[PDB]
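Colleague: Got a structure for you, written out below as structure tokens; questions coming shortly.
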Amino acid sequence: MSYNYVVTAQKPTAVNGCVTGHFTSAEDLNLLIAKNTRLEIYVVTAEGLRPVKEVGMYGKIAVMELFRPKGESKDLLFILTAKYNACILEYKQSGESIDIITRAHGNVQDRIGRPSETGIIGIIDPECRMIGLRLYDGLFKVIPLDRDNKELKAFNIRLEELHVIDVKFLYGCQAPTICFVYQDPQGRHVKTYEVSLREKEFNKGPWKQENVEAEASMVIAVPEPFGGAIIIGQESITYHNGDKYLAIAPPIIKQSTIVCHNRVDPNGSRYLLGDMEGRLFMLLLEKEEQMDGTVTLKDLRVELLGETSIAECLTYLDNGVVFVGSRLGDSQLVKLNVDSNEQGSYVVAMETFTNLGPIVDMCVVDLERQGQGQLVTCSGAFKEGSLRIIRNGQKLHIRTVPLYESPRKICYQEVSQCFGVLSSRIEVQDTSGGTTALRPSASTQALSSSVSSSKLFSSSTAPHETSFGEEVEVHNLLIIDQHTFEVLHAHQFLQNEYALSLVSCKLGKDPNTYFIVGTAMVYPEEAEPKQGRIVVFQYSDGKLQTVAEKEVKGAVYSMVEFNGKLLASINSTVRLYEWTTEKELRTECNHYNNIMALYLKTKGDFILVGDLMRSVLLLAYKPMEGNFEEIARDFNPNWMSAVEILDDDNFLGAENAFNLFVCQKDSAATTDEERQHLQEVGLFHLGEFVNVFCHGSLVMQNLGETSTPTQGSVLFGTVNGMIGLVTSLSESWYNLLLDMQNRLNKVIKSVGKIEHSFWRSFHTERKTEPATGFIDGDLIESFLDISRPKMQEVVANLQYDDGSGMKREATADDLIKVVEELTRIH
Amino acid sequence: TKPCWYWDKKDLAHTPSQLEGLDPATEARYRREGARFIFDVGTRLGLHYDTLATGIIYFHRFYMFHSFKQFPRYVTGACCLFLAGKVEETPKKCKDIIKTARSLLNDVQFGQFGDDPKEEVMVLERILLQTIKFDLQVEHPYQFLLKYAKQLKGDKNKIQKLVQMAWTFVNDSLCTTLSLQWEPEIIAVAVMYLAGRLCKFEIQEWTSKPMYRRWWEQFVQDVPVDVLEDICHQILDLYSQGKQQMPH
Amino acid sequence: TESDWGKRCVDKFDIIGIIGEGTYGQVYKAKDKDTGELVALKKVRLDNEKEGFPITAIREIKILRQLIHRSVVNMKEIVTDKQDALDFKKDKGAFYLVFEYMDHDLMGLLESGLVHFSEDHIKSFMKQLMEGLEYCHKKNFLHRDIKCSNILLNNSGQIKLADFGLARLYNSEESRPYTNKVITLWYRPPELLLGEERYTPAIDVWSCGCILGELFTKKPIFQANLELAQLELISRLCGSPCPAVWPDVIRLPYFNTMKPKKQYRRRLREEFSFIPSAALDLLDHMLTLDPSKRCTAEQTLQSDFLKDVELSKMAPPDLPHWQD
Ligand SMILES: Cn1cc(-n2cnc3c(NCc4nc5ccccc5[nH]4)nc(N4CCOCC4)nc32)cn1
């Protein structure tokens with residue numbers, strides 16, 4: 001068996017959702033911001049936000065909404081986790097003591113169901129009579145909000161329309177009514193139903209179905225003054241309400257897909273719209289009052305306000321202030337002005353909240369020769385792309401290097417006092433027949449530049465037609481100084497060439513230190529690329545020189561230096577090249593039994609291979625023979641995101657289902673076969689998507705640091721900006737910390753009353769397993785924050801083992817010291 | 001796909017046993033003894049008639065590729081029966097076969113099994129499997145005797161007399177190389193034909209085509225009387241050579 | 001020749017790796033030195049010699065040589081380890097079973113979740129599967145181990161069943177005692193849970209019905225660790241075993257012993273409303289509690305869902321791609 005320890009060094013920073021309301025008091029204006037597994041509660045002021053409370057939940061927050069049922073003084077909070085844990089929460093404050101009340105809770109997962117493509121949707125009735133949930137295709141789940149439903153029991157109504165895009169409850173209806181856009185073979189259509197809690201079924205809805213834009217994406221429930229709904233698409237915005245129908249199709253929105261909406265004026269007169277290029281719009285509902293005294297919708301107008309960060313959620317707060325919640329970049333507070341500035345913008349940034357964004361790749365480098373190690377991460381996407389330099393000093397110090405283009409891979413080349421970074425920028429087919437970039441960025445603002453002139457694929461004769469306006473990716477190798485972080489050089493790769501891998505190393509007997517990039521020719525026609533290049537560069541005297549190129553028949557997904565040789569993964573093959581005295585790459589040996597060799601890692605003459613469906617396969621290079629040998633394979637099938645080698649026997653993996661697992665050699669050499677079974681001894685549900693695993697530590701090492709119980713240090717980066725550390729334990733230390741977890745879970749009150757053991761249980765859609773071999777460091781490190789009575793309650797009847805004293809009782813003060821040492825590992 | 005398991009009579013002059021100096025009579029006697037050994041052991045163990053025959057068929061085929069001077073018959077027979085049990089899902093433990101073989105064999109005969117009988121037998125399973133080319137499925141005249149008899153309609157007692165007499169002829173042909181010369185379907189017809197002659201029964205009348213004097217041609221296509229007579233001659237020879245007479 | 005078996009040595013095939021864990025032994029992959037063909041090999045260990053050659057292997061070596069079907073795995077030949085010359089007693093070498101290698105396995109295609117199954121894919125997959133089963137059932141053989149791992153799919157969309165090791169012959173005119181609980185519990189029929197021991201061919205039908213729904217839900221229908229807990233889940237969906245729906249349930253050994261919490265009603269159509277109508281009818285018939293009322297393989301092939309499927313179009317599923 002294996003024993004390991006997981007700690008969160010930096011919490012998730014990406015904003016996954018945000019709502020406003022009256023949650024902490026019926027009087028204050030609140031802003032609730034949701035980051036993965038984290039809820040932040042703020043109070044809105046005239047200058048900005050006052051933080052008041054932050055809680056963790058044992059689950060990914062999928063639905064977050066505020067509502068106020070008749071009889072309550074203030075808003076209640078509904079949250080549903082991605083594992084279908086539902087709860088209703090209440091804020092309660094007793095002077096200085098702030099706590100969160102679980103008013104109702106339960107798990108709403110159906111034994112039989114098909115998860116929907118557009119994900120979990122949750123909405124609440126304007127009369128707060130019920131909560132609607134769209135969890136599965138063909139089914140609508142209703143939780144009625146009666147006082148007695150403390151377990152959140154619910155029923156399903158059969159839904160004929162199997163593929164639903166979005167749904168909302170409507171305002172101004174005699175009964176609870178849903179308005180939704182759905183897709184069938186005849187296109188996309190909008191439709192309504194009424195929800196009867198008494199009959200537990202749908203009844204005919206208030207207004208008819210109409211054919212709507214093929215890419216209709218979002219549904220807006222317009223408030224009582226207008227009523228009805230607005231449907232947002234790629235080219236058009238439409239208003240629907242019985243007999244009334246409007247459509248505005250302004251050319252400005254066709255340029256970039258709109259992804260978020262919020263209401264500015266409670267009466268529905270004004271809405272905010274955002275798009276994937278960061279533009280912020282105002283949608284205006286022009287009113288016309290008839291002599292009847294009735295108010296109708298005359299027209300719709302769209303006005304461009306300015307640019308924000310690409311935003312997952314928008315929420316207008318008050319006055320001119322808007323909160324911009326960003327998942328791909330830094331979040332913001334911005335002020336909307338009535339008068340435009342001299343550039344034509346009505347939007348002016350107030351504050352910037354750090355978001356490590358998607359961490360595509362990262363490396364650890366000791367820039368200042370301190371013995372510490374700082375983390376340089378490839379963070380953000382598109383305009384928000386950045387390099388982030390992170391050091392410990394009690395908070396983390398983060399520096400931001402704007403790139404304005406998507407960062408892909410990073411590697412440090414000390415000999416050149418610089419980094420190599422792979423980047424991609426979006427250009428659009430223009431009238432010249434070439435392409436034009438939407439904005440300047442790192443690869444265009446380099447001091448010196450070069451473009452690959454390889455003719456290897458130039459024989460072409462394969463047609464790829466271009467239409468004006470289509471997007472294309474331009475990949476470039478950036479040379480960036482380690483002190484100024486200035487782009488010294490940019491190398492632009494061939495047209496339709498994607499860079500997938502990057503290493504910095506010496507090879508063979510060649511004293512020169514090279515940048516080596518593995519690329520793949522990507523054409524929309526190909527399900528999988530069949531052409532690729534390996535390019536060897538030398539950065540010397542401010543210029544990047546192409547040293548050699550090797551054509552491959554596939555995609556160079558990953559590369560790694562192997563004892564003076566170059567180990568590369570091309571499609572279904574893993575290859576080892578030698579670097580000749582003629583400065584060319586030569587095939588030495590191959591391994592072929594992989595579906596897609598996506599990730600690679602080396603220790604000694606051993607190699608770990610990560611496949612799309614075949615999990616992890618342990619290879620070894622056999623020098624006496626000059627070839628590879630299969631050592632062992634994990635027979636449980638998994639979809640890999642990144643792998644790492646912990647030691648000569650233990651191997652770490654990351655699944656696409658937000659799960660972490662550890663494989664080991666079966667350590668029983670009875671039969672050759674037994675060792676060949678890489679047995680998963682560790683299973684853990686991280687709840688975050690790991691892209692990169694990297695050895696190192698950010699803790700300052702003065703050489704005086706007490707040797708911690710934990711041994712080893714693997715840092716990992718995730719999509720939501722969470723950074724974690726995995727380390728190993730002895731059997732004794734595991735058992736102590738494991739037994740303590742079970743004791744802490746009985747003591748610590750969970751938000752929503754979510755069982756911790758369920759939260760960390762391995763979870764794929766098909767299978768679910770209890771966690772094993774892993775210690776939730778955050779649960780252990782929360783011992784220091786629980787009140788003294790609870791601390792002593794935890795240590796009752798707690799015995800140590802395998803120590804200086806075989807059985808040794810624990811006191812509250814003994815454990816406080818142990819955990820405090822464990823907080824120094826990160 | 002499937003191997004050919006049938007030879008011509010002329011070919012039996014050239015079995016390994018023949019070419020190592022064994023004369024035709026001795027190999028013939030050696031085959032009867034082994035087949036009857038397989039028959040007697042399994043009957044003592046209570047084995048189904050198909051299981052006995054399958055062992056016997058393996059046995060006969062085996063000594064088409066090997067010599068009786070290098071492979072003692074009784075070990076082979078036991079091995080054939082042992083495997084036949086597992087193939088026909090009437091399994092028996094090897095130790096029980098050895099026990100029964102010892103009861104029926106005198107001391108000289110059981111000397112073939114050597115010091116460790118179980119081990120000498122187990123070593124032969126490997127060769128047997130390779131020799132039979134892993135062709136485990138075997139069809140036997142018994143199933144055809146019954147499939148064809150079911151289609152005869154007439155005096156219930158005369159047909160049952162025909163079946164039992166033919167059934168006995170099948171059991172007796174397992175001591176001969178007919179299993180190696182003709183498919184089981186022909187054997188079933190030949191024994192019906194033989195019993196018909198001996199009981200003075202005209203089988204065509206029982207068939208659906210009573211005026212079709214070659215009654216068998218509706219069961220087995222392309223069989224000349226030449227073949228059925230050759231089979232009958234070979235069957236009655238065993239009776240004339242021995243002291244036993246036709247069952248009637 | 002092609003008919004000569006047991007003589008060719010394993011030297012001719014070079015071992016690449018170990019593809020997976022099987023029913024009774026781990027499976028490997030190789031290429032012939034003479035032919036580039038990739039194959040699949042299972043090691044038969046005769047070293048125990050408690051009773052010679054394994055009887056279960058003898059079962060697989062008998063049935064497969066008889067079964068010929070596009071949707072049934074073919075055993076190409078049997079090979080051996082190096083044998084000592086003139087030393088038959090000393091020889092301890094083992095035999096291997098040569099099989100056609102398949103590009104993908106349903107267990108790894110579904111577990112990863114990358115694959116996407118449209119209705120038309122499920123149709124082509126089910127039609128081939130049931131046609132193979134109908135072939136084997138028409139030949140009066142019972143598989144008894146229908147599982148995702150034994151289901152294999154080529155990239156082209158051709159499917160074949162694989163490990164026939166646990167399979168045994170079924171006698172219709174006369175019942176015989178068997179080995180009771182056989183199929184993986186997730187896909188085991190209620191009759192085996194209650195110990196019918198003399199199981200009918202419908203045990204395989206129930207399994208394939210569990211597979212059918214699994215394709216639509218992208219999740220196994222019945223997941224448990226305890227036979228009673230499984231019976232609870234089966235009862236919650238297909239209805240609890242009761243004399244009205246299963247007249248002969250009272251004759252089953254554990255009918256009184258093993259009981260669900262409640263007498264649940266059948267909600268199969270309700271819970272599976274999303275499944276298309278043509279398929280839902282197939283599931284209701286395949287997942288019928290009474291083995292006597294449960295549909296046959298032929299009846300599944302003469303269903304609206306599968307009758308009009310043309311095997312010329314094999315609809316390969318969305319096997320993984322590069323942006324994927
Ligand atoms: C008679 N018979 C035939 C077979 N057989 C033929 N091909 C296969 C086969 N290929 C799928 C596959 N595995 C891979 C491993 C690494 C890389 C690529 C892979 N592709 N998988 C399996 N299994 C064994 C149990 O685990 C999964 C299913 N069994 C097969 C077994 N018995």
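If you're wondering about the labels, chains in the structure tokens are A, B, ... by order shown, residues count from 1 in each chain, ligands from 1 in order shown.
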Give the residue list for ligand 1 at 7 Å, counting only C-alpha atoms and all ligand atoms, as a list in words, sorted by chain and then by residue number.
Modeller: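 Those within range of ligand 1 are residues 593, 594, 595, 614 and 635 of chain A; 18, 19, 20, 21, 22, 27, 40, 73, 75, 99, 100, 101, 102, 103, 104, 105, 107, 108, 149, 150, 152, 162 and 163 of chain C.
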Colleague: List the neighbours of residue 139 (chain C) out to 12 Å using only C-alpha atoms; skip same-chain residues closer than 3 positions along the sequence, and give me the result as a ChimeraX atom specification.
Modeller: /C:63-64,66-69,132-136,142-143,168-172,201
Colleague: Suppose we keep N, CA and C atoms; can you now write the selection as a PDB file, in the first residue's frame?
Modeller:
ATOM      1  N   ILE C  63     -15.658 -25.375 -27.469  1.00  0.00           N
ATOM      2  CA  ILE C  63     -16.769 -24.572 -27.980  1.00  0.00           C
ATOM      3  C   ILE C  63     -16.315 -23.694 -29.145  1.00  0.00           C
ATOM      4  N   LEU C  64     -15.177 -23.015 -28.983  1.00  0.00           N
ATOM      5  CA  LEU C  64     -14.775 -22.010 -29.966  1.00  0.00           C
ATOM      6  C   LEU C  64     -14.489 -22.627 -31.332  1.00  0.00           C
ATOM      7  N   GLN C  66     -16.028 -24.773 -32.800  1.00  0.00           N
ATOM      8  CA  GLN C  66     -17.307 -25.016 -33.449  1.00  0.00           C
ATOM      9  C   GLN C  66     -18.016 -23.740 -33.860  1.00  0.00           C
ATOM     10  N   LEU C  67     -17.795 -22.644 -33.139  1.00  0.00           N
ATOM     11  CA  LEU C  67     -18.557 -21.427 -33.367  1.00  0.00           C
ATOM     12  C   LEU C  67     -17.840 -20.579 -34.411  1.00  0.00           C
ATOM     13  N   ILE C  68     -18.563 -20.260 -35.481  1.00  0.00           N
ATOM     14  CA  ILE C  68     -18.091 -19.441 -36.584  1.00  0.00           C
ATOM     15  C   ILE C  68     -19.099 -18.311 -36.721  1.00  0.00           C
ATOM     16  N   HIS C  69     -18.675 -17.082 -36.449  1.00  0.00           N
ATOM     17  CA  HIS C  69     -19.577 -15.954 -36.627  1.00  0.00           C
ATOM     18  C   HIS C  69     -18.750 -14.685 -36.643  1.00  0.00           C
ATOM     19  N   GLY C 132     -24.699 -12.627 -32.735  1.00  0.00           N
ATOM     20  CA  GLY C 132     -23.758 -13.596 -32.201  1.00  0.00           C
ATOM     21  C   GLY C 132     -24.377 -14.466 -31.127  1.00  0.00           C
ATOM     22  N   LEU C 133     -25.138 -13.854 -30.218  1.00  0.00           N
ATOM     23  CA  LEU C 133     -25.767 -14.620 -29.150  1.00  0.00           C
ATOM     24  C   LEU C 133     -26.774 -15.601 -29.739  1.00  0.00           C
ATOM     25  N   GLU C 134     -27.587 -15.131 -30.691  1.00  0.00           N
ATOM     26  CA  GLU C 134     -28.534 -16.016 -31.360  1.00  0.00           C
ATOM     27  C   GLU C 134     -27.814 -17.185 -32.017  1.00  0.00           C
ATOM     28  N   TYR C 135     -26.656 -16.928 -32.623  1.00  0.00           N
ATOM     29  CA  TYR C 135     -25.877 -18.024 -33.176  1.00  0.00           C
ATOM     30  C   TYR C 135     -25.514 -19.029 -32.092  1.00  0.00           C
ATOM     31  N   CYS C 136     -24.912 -18.543 -31.004  1.00  0.00           N
ATOM     32  CA  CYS C 136     -24.470 -19.428 -29.931  1.00  0.00           C
ATOM     33  C   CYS C 136     -25.644 -20.103 -29.236  1.00  0.00           C
ATOM     34  N   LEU C 142     -24.141 -21.663 -23.669  1.00  0.00           N
ATOM     35  CA  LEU C 142     -24.391 -20.524 -22.792  1.00  0.00           C
ATOM     36  C   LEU C 142     -23.070 -19.876 -22.393  1.00  0.00           C
ATOM     37  N   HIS C 143     -22.975 -18.556 -22.577  1.00  0.00           N
ATOM     38  CA  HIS C 143     -21.723 -17.848 -22.305  1.00  0.00           C
ATOM     39  C   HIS C 143     -21.457 -17.704 -20.809  1.00  0.00           C
ATOM     40  N   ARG C 168     -20.543 -22.961 -20.845  1.00  0.00           N
ATOM     41  CA  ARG C 168     -20.828 -24.384 -20.791  1.00  0.00           C
ATOM     42  C   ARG C 168     -22.067 -24.675 -21.622  1.00  0.00           C
ATOM     43  N   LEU C 169     -22.147 -25.915 -22.091  1.00  0.00           N
ATOM     44  CA  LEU C 169     -23.294 -26.363 -22.865  1.00  0.00           C
ATOM     45  C   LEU C 169     -24.561 -26.391 -22.021  1.00  0.00           C
ATOM     46  N   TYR C 170     -25.680 -26.063 -22.659  1.00  0.00           N
ATOM     47  CA  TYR C 170     -26.999 -26.083 -22.043  1.00  0.00           C
ATOM     48  C   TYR C 170     -27.762 -27.253 -22.655  1.00  0.00           C
ATOM     49  N   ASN C 171     -28.410 -28.053 -21.812  1.00  0.00           N
ATOM     50  CA  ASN C 171     -29.239 -29.165 -22.261  1.00  0.00           C
ATOM     51  C   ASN C 171     -30.695 -28.779 -22.063  1.00  0.00           C
ATOM     52  N   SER C 172     -31.430 -28.678 -23.169  1.00  0.00           N
ATOM     53  CA  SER C 172     -32.833 -28.276 -23.117  1.00  0.00           C
ATOM     54  C   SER C 172     -33.774 -29.400 -22.684  1.00  0.00           C
ATOM     55  N   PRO C 201     -30.782 -20.038 -20.912  1.00  0.00           N
ATOM     56  CA  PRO C 201     -30.019 -19.098 -21.753  1.00  0.00           C
ATOM     57  C   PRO C 201     -30.341 -17.638 -21.497  1.00  0.00           C
TER      58      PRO C 201
END
Colleague: Counting only C-alpha atoms, give me one row per residue of chain A with an atom at most 7 Å from an atom of chain C, showing the shortest contact pair and its distance in Å to one decimal, sorted by chain then residue number, as JSON lines.
Modeller:
{"residue": "A:112", "atom": "CA", "partner": "C:271", "partner_atom": "CA", "distance": 6.3}
{"residue": "A:113", "atom": "CA", "partner": "C:217", "partner_atom": "CA", "distance": 5.8}
{"residue": "A:114", "atom": "CA", "partner": "C:217", "partner_atom": "CA", "distance": 4.8}
{"residue": "A:137", "atom": "CA", "partner": "C:274", "partner_atom": "CA", "distance": 6.5}
{"residue": "A:138", "atom": "CA", "partner": "C:274", "partner_atom": "CA", "distance": 4.9}
{"residue": "A:158", "atom": "CA", "partner": "C:273", "partner_atom": "CA", "distance": 6.9}
{"residue": "A:162", "atom": "CA", "partner": "C:274", "partner_atom": "CA", "distance": 6.8}
{"residue": "A:527", "atom": "CA", "partner": "C:321", "partner_atom": "CA", "distance": 5.3}
{"residue": "A:528", "atom": "CA", "partner": "C:322", "partner_atom": "CA", "distance": 4.9}
{"residue": "A:613", "atom": "CA", "partner": "C:112", "partner_atom": "CA", "distance": 5.5}
{"residue": "A:630", "atom": "CA", "partner": "C:17", "partner_atom": "CA", "distance": 6.2}
{"residue": "A:635", "atom": "CA", "partner": "C:20", "partner_atom": "CA", "distance": 5.9}
{"residue": "A:637", "atom": "CA", "partner": "C:108", "partner_atom": "CA", "distance": 5.1}
{"residue": "A:638", "atom": "CA", "partner": "C:112", "partner_atom": "CA", "distance": 5.0}
{"residue": "A:639", "atom": "CA", "partner": "C:112", "partner_atom": "CA", "distance": 4.9}
{"residue": "A:765", "atom": "CA", "partner": "C:219", "partner_atom": "CA", "distance": 6.4}
{"residue": "A:766", "atom": "CA", "partner": "C:219", "partner_atom": "CA", "distance": 4.6}
Colleague: Keeping N, CA and C atoms for every residue in the selection just given, could you write it to a file as a CSV table (one decimal), in the first residue's frame?
Modeller:
chain,number,residue,atom,x,y,z
A,112,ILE,N,-31.2,6.4,-12.1
A,112,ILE,CA,-31.2,6.3,-13.6
A,112,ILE,C,-31.3,7.7,-14.2
A,113,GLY,N,-30.4,8.0,-15.1
A,113,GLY,CA,-30.4,9.3,-15.8
A,113,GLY,C,-29.3,9.5,-16.7
A,114,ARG,N,-29.5,10.3,-17.7
A,114,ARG,CA,-28.4,10.7,-18.7
A,114,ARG,C,-28.0,12.2,-18.5
A,137,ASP,N,-31.1,14.6,-19.3
A,137,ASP,CA,-31.9,14.7,-20.5
A,137,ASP,C,-33.3,14.1,-20.4
A,138,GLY,N,-34.3,14.7,-20.8
A,138,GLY,CA,-35.6,14.2,-20.8
A,138,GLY,C,-36.4,14.3,-19.5
A,158,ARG,N,-41.7,14.0,-16.7
A,158,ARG,CA,-41.2,13.7,-18.0
A,158,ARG,C,-41.2,14.9,-18.9
A,162,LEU,N,-35.8,16.4,-25.4
A,162,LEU,CA,-34.6,15.8,-24.7
A,162,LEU,C,-33.4,16.7,-24.6
A,527,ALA,N,-9.3,14.1,-38.0
A,527,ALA,CA,-9.6,13.8,-36.7
A,527,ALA,C,-8.4,13.8,-35.8
A,528,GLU,N,-7.3,13.2,-36.3
A,528,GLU,CA,-6.0,13.2,-35.7
A,528,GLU,C,-4.9,13.6,-36.7
A,613,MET,N,-6.9,6.6,-22.8
A,613,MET,CA,-7.8,5.7,-22.1
A,613,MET,C,-7.1,4.5,-21.5
A,630,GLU,N,8.2,-3.1,-21.9
A,630,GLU,CA,7.1,-2.9,-21.1
A,630,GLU,C,7.3,-3.5,-19.7
A,635,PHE,N,-4.5,-1.6,-15.3
A,635,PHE,CA,-5.6,-2.2,-16.0
A,635,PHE,C,-7.0,-1.6,-15.8
A,637,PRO,N,-9.3,1.4,-16.5
A,637,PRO,CA,-9.2,2.4,-17.6
A,637,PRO,C,-9.5,3.8,-17.1
A,638,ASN,N,-8.6,4.7,-17.5
A,638,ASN,CA,-8.7,6.1,-17.1
A,638,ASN,C,-8.4,7.0,-18.2
A,639,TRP,N,-8.9,8.2,-18.1
A,639,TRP,CA,-8.6,9.4,-19.0
A,639,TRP,C,-7.7,10.3,-18.3
A,765,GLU,N,-18.4,9.1,-13.6
A,765,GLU,CA,-19.9,8.9,-13.8
A,765,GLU,C,-20.3,7.5,-13.6
A,766,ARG,N,-19.4,6.6,-14.0
A,766,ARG,CA,-19.7,5.1,-14.0
A,766,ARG,C,-19.5,4.5,-12.6
Colleague: Measuring between only C-alpha atoms, which one of C:144, C:261, C:266, C:50 shows the shortest distance to residue 203 (chain C)?
Modeller: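 With only C-alpha atoms as the atom set, the closest residue is C:144.
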Colleague: Take CA of residue 242 (chain A) and CA of residue 202 (chain A) and report the distance between them in Å, one decimal.
Modeller: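 CA of residue 202 (chain A) lies at a distance of 18.3 Å from CA of residue 242 (chain A).
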Colleague: Could you name the residues that touch region 590-592 of chain A at 6 Å or less, counting only C-alpha atoms, but leaving out those on the same chain fewer than 5 positions away, as a PDB file with N, CA, C and O atoms, in the first residue's frame?
Modeller:
ATOM      1  N   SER A 572       0.586   7.427 -31.479  1.00  0.00           N
ATOM      2  CA  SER A 572       0.537   6.155 -30.770  1.00  0.00           C
ATOM      3  C   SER A 572       1.913   5.583 -30.446  1.00  0.00           C
ATOM      4  O   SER A 572       1.997   4.438 -29.990  1.00  0.00           O
ATOM      5  N   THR A 573       2.984   6.341 -30.654  1.00  0.00           N
ATOM      6  CA  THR A 573       4.336   5.833 -30.490  1.00  0.00           C
ATOM      7  C   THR A 573       5.117   6.694 -29.504  1.00  0.00           C
ATOM      8  O   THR A 573       4.893   7.898 -29.382  1.00  0.00           O
ATOM      9  N   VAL A 574       6.011   6.036 -28.772  1.00  0.00           N
ATOM     10  CA  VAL A 574       7.002   6.668 -27.910  1.00  0.00           C
ATOM     11  C   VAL A 574       8.369   6.364 -28.517  1.00  0.00           C
ATOM     12  O   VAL A 574       8.683   5.200 -28.786  1.00  0.00           O
ATOM     13  N   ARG A 575       9.163   7.400 -28.777  1.00  0.00           N
ATOM     14  CA  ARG A 575      10.419   7.233 -29.494  1.00  0.00           C
ATOM     15  C   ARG A 575      11.580   7.839 -28.716  1.00  0.00           C
ATOM     16  O   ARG A 575      11.423   8.832 -28.001  1.00  0.00           O
TER      17      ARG A 575
END
Colleague: Write out, as CSV, each residue of chain C that has an atom at most 10 Å from chain B, together with the closest pair of atoms and their distance in Å to one decimal, counting only C-alpha atoms, rows going by chain and rising number.
Modeller:
residue,atom,partner,partner_atom,distance
C:1,CA,B:1,CA,9.1
C:2,CA,B:1,CA,6.1
C:3,CA,B:3,CA,5.1
C:4,CA,B:133,CA,5.7
C:5,CA,B:133,CA,4.7
C:6,CA,B:130,CA,4.9
C:7,CA,B:130,CA,6.4
C:8,CA,B:130,CA,9.9
C:46,CA,B:126,CA,9.3
C:49,CA,B:122,CA,7.7
C:50,CA,B:94,CA,9.2
C:51,CA,B:94,CA,6.7
C:52,CA,B:122,CA,6.0
C:53,CA,B:125,CA,7.8
C:54,CA,B:86,CA,9.3
C:55,CA,B:86,CA,6.3
C:56,CA,B:86,CA,9.2
C:58,CA,B:87,CA,6.7
C:59,CA,B:87,CA,7.4
C:61,CA,B:134,CA,7.7
C:62,CA,B:136,CA,6.2
C:63,CA,B:137,CA,8.8
C:65,CA,B:135,CA,8.4
C:66,CA,B:137,CA,8.4
C:76,CA,B:1,CA,9.3
C:77,CA,B:134,CA,9.4
C:78,CA,B:134,CA,8.3
C:79,CA,B:130,CA,10.0
C:80,CA,B:130,CA,9.8
C:88,CA,B:123,CA,6.7
C:89,CA,B:123,CA,5.5
C:90,CA,B:123,CA,8.7
C:91,CA,B:123,CA,8.5
C:92,CA,B:123,CA,9.5
C:93,CA,B:126,CA,9.6
C:94,CA,B:126,CA,9.6
C:95,CA,B:126,CA,9.6
C:168,CA,B:89,CA,9.6
C:169,CA,B:89,CA,9.4
Colleague: Enumerate, as a count of residues only, the complete set of residues in region 21-60 of chain C that a backbone-based DSSP assignment places in strand (DSSP E or B).
Modeller: 13
Colleague: Fewer than 2 positions away in the same chain doesn't count, so skip those; otherwise give me all residues within 12 Å of residue 275 (chain A), counting only C-alpha atoms, as a PyMOL selection string.
Modeller: chain A and resi 232-234+252-261+272-273+277-282+304+306-314+326
Colleague: List every residue of region 583-700 of chain A that DSSP, applied to the backbone of this structure, assigns to helix (DSSP H, G or I), and report them as a PyMOL selection string.
Modeller: chain A and resi 672-676
Colleague: Could you give me, as a ChimeraX atom specification, the residues within 6 Å of residue 10 (chain A), counting only C-alpha atoms and dropping anything in the same chain fewer than 2 positions from it?
Modeller: /A:8,722-723
